[PDB]
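The form deposited in one PDB entry is given below as one chain in structure tokens.
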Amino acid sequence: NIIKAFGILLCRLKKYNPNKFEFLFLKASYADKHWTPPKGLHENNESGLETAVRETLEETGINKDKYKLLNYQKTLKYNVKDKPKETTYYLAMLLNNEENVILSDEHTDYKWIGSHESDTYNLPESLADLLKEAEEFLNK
């Protein structure tokens, strides 16, 4: 009954400019002002992490050899048309900031955003808070 999705919260260390991380957000092709990390539904015989890795590869062209999976995950439960949804994000750090992002038909744009940009990108509280808490983890 719950729609379950899995994604990689992909981050990178922000380049110097005269909350030090950025997160890869993708703009949905089929929605209005809808930006999320790479994510999607299970396929067969997948752990949540396997699903997250595959969906990230499908949606960005970035495979798991390009990032370091970190010891942080969070499950967000929220409503979509009053239908319960749960999305689990696994934090990973992209080792080369400048990896070429290759979008699929699912998205029209991407942006590496800081946690402070959450309101600008109209993120729901669950996602905004995910970014802040991930940055807290990254600063341990």
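Between two forms, the rigid core is the largest collection of C-alphas that superpose within 1.5 Å. All residue numbers refer to positions in the sequence shown, first residue = 1.
- Of the two stretches examined, 81-89 and 60-68, the record assigns the greater average C-alpha temperature factor to 81-89.
- For the pair 6-14 and 19-27, the mean Cα B-factor is higher in 19-27.
- Reading the B-factor column for the CA atoms of 39, 111, 74, 34 in the entry, the top value corresponds to 34.
- In the PDB entry, the Cα temperature factor peaks, among 100, 51, 44, 96, at 44.
Form deposited in another entry: not shown, discussed below.
- Fitting the two forms on the rigid core leaves the C-alpha of residue 105 displaced by under 2 angstroms between the shown form and the other one.
- With the core held fixed between the shown form and the other one, residue 32 has its Cα displaced by at least 2 Å.
- Superposition of the core reveals a Cα shift of less than 2 Å for residue 68 between the shown form and the other one.
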